[PDB]
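Peer 1:
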RNA sequence: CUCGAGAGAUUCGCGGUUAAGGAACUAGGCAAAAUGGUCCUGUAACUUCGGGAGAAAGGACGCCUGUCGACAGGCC
RNA sequence: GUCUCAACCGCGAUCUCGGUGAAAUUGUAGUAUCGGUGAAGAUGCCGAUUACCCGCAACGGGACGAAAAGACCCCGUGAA
RNA sequence: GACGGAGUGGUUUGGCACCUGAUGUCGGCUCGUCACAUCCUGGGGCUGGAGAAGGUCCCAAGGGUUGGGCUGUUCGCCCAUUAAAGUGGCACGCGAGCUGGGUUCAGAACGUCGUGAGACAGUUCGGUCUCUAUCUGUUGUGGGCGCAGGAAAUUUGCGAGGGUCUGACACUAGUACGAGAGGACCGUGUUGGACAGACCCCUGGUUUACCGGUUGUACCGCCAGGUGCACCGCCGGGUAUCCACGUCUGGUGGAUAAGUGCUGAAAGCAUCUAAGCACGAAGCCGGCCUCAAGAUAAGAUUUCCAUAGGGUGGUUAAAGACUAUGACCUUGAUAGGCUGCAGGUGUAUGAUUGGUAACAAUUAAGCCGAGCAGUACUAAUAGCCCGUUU
Ligand SMILES: C=C[C@]1(C)C[C@@H](OC(=O)CS[C@@H]2CC[C@@H](N)C[C@H]2O)[C@]2(C)[C@H](C)CC[C@]3(CCC(=O)[C@H]32)[C@@H](C)[C@@H]1O
Ligand SMILES: [K+]
Ligand SMILES: [K+]
Ligand SMILES: [K+]
Ligand SMILES: [Mg+2]
Ligand SMILES: [Mg+2]
Ligand SMILES: [Mg+2]
Ligand SMILES: [Mg+2]
Ligand SMILES: [Mg+2]
Ligand SMILES: [Mg+2]
Ligand SMILES: [Mg+2]
Ligand SMILES: [Mg+2]
Ligand SMILES: [Mg+2]
Ligand SMILES: [Mg+2]
Ligand SMILES: [Mg+2]
Ligand SMILES: [Mg+2]
Ligand SMILES: [Mg+2]
Ligand SMILES: [Mg+2]
Ligand SMILES: [Mg+2]
Ligand SMILES: [Mg+2]
Ligand SMILES: [Mg+2]
Ligand SMILES: [Mg+2]
Ligand SMILES: [Mg+2]
Ligand SMILES: [Mg+2]
Ligand SMILES: [Mg+2]
Ligand SMILES: [Mg+2]
Ligand SMILES: [Mg+2]
Ligand SMILES: [Mg+2]
Ligand SMILES: [Mg+2]
Ligand SMILES: [Mg+2]
Ligand SMILES: [Mg+2]
Ligand SMILES: [Mg+2]
Ligand SMILES: [Mg+2]
Ligand SMILES: [Mg+2]
Ligand SMILES: [Mg+2]
Ligand SMILES: [Mg+2]
Ligand code: NA
Ligand code: NA
Ligand SMILES: [Zn+2]
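Residue numbers (the entry's author numbering), protein chains in the order written: chain 4, 2 to 58; chain 15, 14 to 48; chain N, 1 to 121; chain Q, 1 to 123; chain S, 1 to 113; chain E, 2 to 205.
Below you can see the structure in the form of structure tokens.
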């Protein structure tokens, strides 16, 4: 129920070994040339898989 | 009754050399096969 | 599916009318008794002026159950109630008539029940 | 365990879940495309495609069966009017889901679902 | 291919019987054995349930004998069934008649069709 | 010795003696000998068999060179069996008639996966107390896990919650009901581990 | 009703159903189940003559037709 | 369904991800096991034994675990 | 087996007062683990052992070893069984696991003692059981690196764990033995109970997917037809999945213990032992099942590369907490849809015809289809990263 001792700096840092921000899965858009997430519609151009999907004004 | 019979023969043993004892219980009409 | 504290109808003319199972014979933790099984009962109620008395301890054999019984030919049988027949110390029955149907399982246990029952299954 | 239990409860009670699917379907028939989350849009697909299939048998019984789901007379008017004619030859697969990104407030996966016969750029 | 359907065909047992639904009154001619003597024992009652798939259905038939209710479950494809004859064509509003277990005479009667 | 099979499903059949028997349908399909293992090279004698036809798109180049050597069509599943009698060589074909002289068989499979399960379902624990009579929140609890200051520890092998199922299981002495060489079908009395479509080893 | 989204392990909170048995549970029938309305019958010991008493135990109950809330016939 | 003897179902909690973010406790710790030894019941001593480095879920045997300068008992030329 | 004597142990009652700014206490529940001084099952010696049934001692801890009535009870008595209903240790095992009936707070009462305040070798009714698990421990499941180049598979097993129970009948045989009552060893067989594992064809349960009846009320402008809410409103059914009450399967040579002997001296005889040798237990080791090369002693085999092979991603699953694992990713049936079918429910909307009406018969039943088969309509883009590929 209660910690018998405070953890040292080493023990705390060893546990935090597995605390990593997950990197996005990025791809370049063949139309725009911009980065977009793989398997999503490019927010800049609106295209997806070579076809127009969201005609943006 | 008359559903089995006892058969014994003695074979020399490589571990020692003297005769051991081999025993079973086979049906009455099977001892001629064993011996 | 009869166990300790179950109440059964008494299905012969032995005088008793309702019985309470005390024990299922034949095993340390044998839980249930089916048709053809032997149990030990206490007589809970009787007809006025009968031979056996209320509160007597007796052996009995089950002849009907509400839980369905399986047969090797793929058929099942169940009854509307659970019933038994009282037996004497020598293994025979203490009555003359059987009232109601009995199961075919007893053809392998007791021929006296089967011979003098109105119907089998 | 959930072996072979093929529908998403969507974190709602049964009466709530049925009401949301019916409100969402009306929105898709009236507006040819709507923006929602991915888990909600995949559950709508199993719900709205059989309803769009009922417009291939134009009768009083089909309209009333459809109305018992939507309970919205403007959606029924649109579903058995212009929507019925556009999908008269397509053998299923009337809708399409395309992923878009993530929401600011809870990082929910987003997408859009639409009727295929109303998107000209993708034909 | 389909292998359950091949096996069911190879191991087909029994004979054709006339069609009946729940709520019908039928007689079952069942073959029993007692001391190497084979005889047919009739069992007549109302069908209260049919369940299963295809040629493998099971039906439950209930009768009242000497004031005690009796229920029997029969496999339709069993080789022990000699004949099924339909006595009456009943009239019910549902598939399973479990409610007949709680009705006595003059209240368990079923209208004819 | 034995072959590889695929679980199809269960049904019930009537025998000639007039008994209702539950049977399991297994497709003990054609198995090719893909590698012969010998004493002088491998340390033991066994046969490696291949069961399910595989597309080239699903076969890696190391496995492609493995089947091409044996000169057989690539397979999806591979297993070893020992103690045959007949000295089959590379590329031979075996089928259901192998069991046409078999009275009983053993079936090895992988059981259905239950996931993480508590002590009540995994080990049949009785539970703590009744549902009433002062029960607070230990209805499906394990109870005590050990003694006091001596031991002063939990022993190895203590029964606890954890993953249940999805593991290799053997069922022995299954009675063979019929062999159907036409469809590569085998019929056995009883049940076998695993879901429909799972891969089984049948030992003669 | 000033946090949401997924997912649908164990376990807990609040709820639902359950074969056969029916208090064998437990310190203890704790908790739950069961009873439950209106009208018409019928109500024991005992009693301070007021009670006990809603004792206990039973029956009818929907819709339609007509007739003088009731009666009869019919329907599900 | 109190039990034999449990099984299944629904939501809330639970688990994973995004946002915000405490507390009790804390001499320092790279904190394994067994028997012995010992202020007389050992993670830390002796002799052996076992053990690649680092997490997550789940349960409570030990840390004479936490909390509160034992109310029992005795003592004070104490108190009410 | 008297009168007496020598030891062993530390589970009783004591003796001592050595540890303790708190080392939770009786009984029960749950979960066990160890011993053997063995209750049953296995193997023996002796008998005041004819047989049957016993008595006593020796070896043996593999497995097993019931449910109730009374009592807070432990313990006991009783009822009915069973092959048997073992004895103990583990803080009289186990309250950061449960309970709180008993003991031991504050209320009240009886007997009894005291002038009284009050008190008890007593009794009786009532009376809050706290904590979000850091270390270690234990059950599961991953990430990194290693394994003397990198990979895809198949494996040997150094070892570890699991499993280990048992009844009743038939024949031999109403025989051996025994005036008689009674009544065998050895050996074949046939059927049970308990426990465990897997599974869902059967029986039975669930089945807030689904279908139907019905009450009250409000909406879709009205009627008709539907829907919301009332515990899933209530009631009757119910597929797949998950299950037990169901079904199937399982408990399979060597060296020994207590003992029995052969040959045989020391010690002319005797002697199972001193040299040798043949036996001999549910026990030991193998045999059965599962894990298992971080077995740093890191093993073996087949093949590929030096585009081999992967990761991230997507459609998903009988796989799953997250992971991991399986299938598929367009020269594709992975999922949904569509088209059919097994199946559930039980005869829809409307329209005729009957009836005065409530209602009913015809006509396709209608709805659903978590399962199955077919079919690219929808979604699965080889983009990016390590070392030609979905
Ligand atoms: C309060 C101490 C307790 C909780 C219990 C204690 O019980 C007693 O004190 C019985 S007297 C009782 C006390 C309460 C009074 N209001 C009335 C009076 O009747 C007990 C059983 C021992 C006898 C002493 C040691 C112990 C630790 C180990 C243990 O088993 C404990 C102490 C250290 C423990 O913390
Ligand atoms: K220890
Ligand atoms: K079902
Ligand atoms: K498809
Ligand atoms: Mg972390
Ligand atoms: Mg699973
Ligand atoms: Mg329980
Ligand atoms: Mg409580
Ligand atoms: Mg609770
Ligand atoms: Mg019940
Ligand atoms: Mg019932
Ligand atoms: Mg009791
Ligand atoms: Mg009790
Ligand atoms: Mg109450
Ligand atoms: Mg929830
Ligand atoms: Mg968070
Ligand atoms: Mg010590
Ligand atoms: Mg130590
Ligand atoms: Mg403390
Ligand atoms: Mg102090
Ligand atoms: Mg001691
Ligand atoms: Mg302290
Ligand atoms: Mg001994
Ligand atoms: Mg204790
Ligand atoms: Mg406590
Ligand atoms: Mg404790
Ligand atoms: Mg007082
Ligand atoms: Mg009170
Ligand atoms: Mg508590
Ligand atoms: Mg099924
Ligand atoms: Mg069923
Ligand atoms: Mg409203
Ligand atoms: Mg509701
Ligand atoms: Mg309201
Ligand atoms: Mg001599
Ligand atoms: Mg592609
Ligand atoms: Na006085
Ligand atoms: Na389907
Ligand atoms: Zn772009």
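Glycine included, every Cβ here is placed at the ideal spot set by N, Cα and C.
1) Taking the alpha carbon of residue 144 (chain E) as the reference point, which residue from 99 (chain E), 126 (chain E), 137 (chain E), 2 (chain E) has its own alpha carbon closest?
2) Could you check the C-alpha separation between residue 124 (chain E) and residue 197 (chain E) for me, to the nearest Å?
3) Which residues in chain 4 sit within 9 Å of residue 100 (chain Q), going by Cβ to Cβ distance?
4) Using the beta-carbon count (16 or more within 10 Å), is residue 3 (chain 4) buried or exposed?
5) Just to confirm, is the Cβ distance from residue 84 (chain N) to residue 52 (chain N) under 9 Å?
6) Got a sec: which bits of the region 143-174 of chain E sit with their beta carbon under 7 Å from any beta carbon on chain N, in order along the chain?
7) Residue range of the beta strand (DSSP E) that residue 88 (chain S) falls in?
8) Closer than 7 Å between beta carbons: that is the criterion. Which residues of the region 67-99 of chain N meet it against chain E?
9) Give a yes or no on contact between the region 83-99 of chain E and the region 185-196 of chain E, applying the rule of three or more CB pairs nearer than 8 Å.
10) Among the residues of its own chain, which have a CB less than 7 Å from the CB of residue 103 (chain N), if the five just before and after it don't count?
11) Starting from the Cα of residue 202 (chain E), find the closest Cα among 34 (chain E), 81 (chain E), 140 (chain E), 117 (chain E) and give me that residue.
12) Hey, is the region 97-112 of chain N in contact with the region 50-61 of chain E, meaning 3+ C-beta pairs nearer than 8 Å?
13) So, do the region 18-38 of chain Q and the region 67-78 of chain Q have three or more beta carbon pairs nearer to each other than 8 Å?
14) From the beta carbon of residue 72 (chain S), is the nearest beta carbon of chain N less than 9 Å away?
15) Between 105 (chain S), 34 (chain S), 61 (chain S), 71 (chain S), which lies nearest to residue 25 (chain S) when the distance is taken from Cα to Cα?
16) What do you reckon, are the CB atoms on residue 56 (chain S) and residue 12 (chain E) nearer than 9 Å?
17) Measuring only the C-alpha atoms, how far is residue 79 (chain E) from residue 2 (chain S)?
18) What first and last residue would you give for the beta strand (DSSP E) that runs through residue 105 (chain E)?
19) Of all the beta strand (DSSP E) runs that stay within the bounds of the region 84-159 of chain E, which reach a length of 3 or more residues?
20) For ligand 33, I want to know if residue 15 (chain Q) counts as a neighbour, meaning its beta carbon is within less than 8 Å of at least one of the ligand's heavy atoms.
21) Please report whether the beta-carbon of residue 116 (chain N) lies at a distance below 9 Å from any beta-carbon of chain S.
22) With distance defined between alpha-carbon atoms, name the residue in 42 (chain 4), 21 (chain 4), 5 (chain 4) nearest to residue 31 (chain 4).
23) Using 9 Å as the limit for Cβ to Cβ distance, is residue 15 (chain 4) near chain Q?
24) Could you tell me the distance, in whole angstroms, from the CA atom of residue 71 (chain N) to the CA atom of residue 20 (chain S)?
25) Determine the contact status of residue 39 (chain Q) and residue 4 (chain Q), defining contact as a CB-CB distance below 9 Å.
26) Is residue 58 (chain N) helix, strand or coil by DSSP?
27) Mind checking whether the beta-carbon of residue 17 (chain 4) lies closer than 8 Å to any heavy atom of ligand 5?
28) Residue 98 (chain N): buried (16+ other C-beta within 10 angstroms of its C-beta) or exposed?
29) Could you check if residue 211 (chain E) belongs to the surroundings of ligand 15, using beta carbon to heavy atom distance under 8 Å?
30) Is the number of C-beta pairs between the region 161-179 of chain E and the region 109-116 of chain E that are closer than 8 Å three or more?
31) At the 9 Å Cβ level, is residue 16 (chain S) part of the contact set with chain E, yes or no?
32) How would you list, in chain order, the residues of chain Q whose beta-carbon sits under 9 Å from the beta-carbon of residue 52 (chain 4)?
33) Does residue 55 (chain S) get closer than 9 Å to chain N when you measure Cβ to Cβ?
34) Could you please tell me which residues of the region 14-26 of chain N, in chain order, have their CB closer than 7 Å to any CB of chain S?
Peer 2: Answer, in terms of the structure:
1) The option with the nearest alpha carbon to residue 144 (chain E) is 126 (chain E).
2) Here the alpha carbons of residue 197 (chain E) and residue 124 (chain E) stand approximately 26 Å from one another.
3) Within chain 4, the C-beta atoms nearer than 9 Å to that of residue 100 (chain Q) come from 41, 42, 44, 55, in chain order.
4) Around the Cβ of residue 3 (chain 4), a 10 Å sphere holds fewer than 16 other Cβ atoms; the residue is exposed.
5) Taking 9 Å as the Cβ cut-off, residue 84 (chain N) and residue 52 (chain N) do not qualify as a contacting pair.
6) Hits within the stretch: zero.
7) Unbroken beta strand (DSSP E) run through residue 88 (chain S): 81-88.
8) Within the region 67-99 of chain N, the qualifying residues are 72, 73, 74.
9) The region 83-99 of chain E, when compared against the region 185-196 of chain E, does touch it at the 8 Å Cβ threshold.
10) Only 35, 63, 64, 69, 77, 121 meet the Cβ criterion.
11) When only C-alpha atoms are compared, the closest one is 81 (chain E).
12) Flag = no, the region 97-112 of chain N and the region 50-61 of chain E do not touch.
13) For the pair of segments examined, the region 18-38 of chain Q was found to touch the region 67-78 of chain Q: the number of CB pairs separated by less than 8 Å reaches three.
14) Using a Cβ-Cβ cut-off of 9 Å, residue 72 (chain S) counts as an interface residue toward chain N, since at least one Cβ of chain N sits closer than that to its own.
15) Scanning 105 (chain S), 34 (chain S), 61 (chain S), 71 (chain S) for the CA closest to the CA of residue 25 (chain S) turns up 61 (chain S).
16) The beta carbons of residue 56 (chain S) and residue 12 (chain E) sit closer together than 9 Å.
17) Between residue 79 (chain E) and residue 2 (chain S), the C-alpha separation is close to 25 Å.
18) Start and end: 105-111.
19) If we require 3 residues or more, the beta strand (DSSP E) runs fully inside the region 84-159 of chain E come out as 105-111, 114-118.
20) The closest heavy atom of ligand 33 lies less than 8 Å from the beta carbon of residue 15 (chain Q).
21) Under the Cβ criterion of 9 Å, residue 116 (chain N) is not counted among the residues facing chain S.
22) Closest by alpha carbon: 42 (chain 4).
23) Cβ-Cβ to chain Q under 9 Å: no for residue 15 (chain 4).
24) Taking the straight line from one Cα to the other gives about 24 Å.
25) Not closer than 9 Å, so no.
26) The three-state reading of DSSP puts residue 58 (chain N) in strand, counting E and B together.
27) Yes, the beta carbon of residue 17 (chain 4) sits closer than 8 Å to at least one heavy atom of ligand 5.
28) Its Cβ being crowded by 16 or more others within 10 Å, residue 98 (chain N) is buried.
29) Not covered by the structure: residue 211 (chain E). The range shown for chain E is 2 to 205.
30) The region 161-179 of chain E vs the region 109-116 of chain E: in contact.
31) No, no contact with chain E.
32) Simply 121, 122, 123.
33) No, its Cβ sits nowhere closer than 9 Å to a Cβ of chain N.
34) Cβ contacts with chain S: none found.
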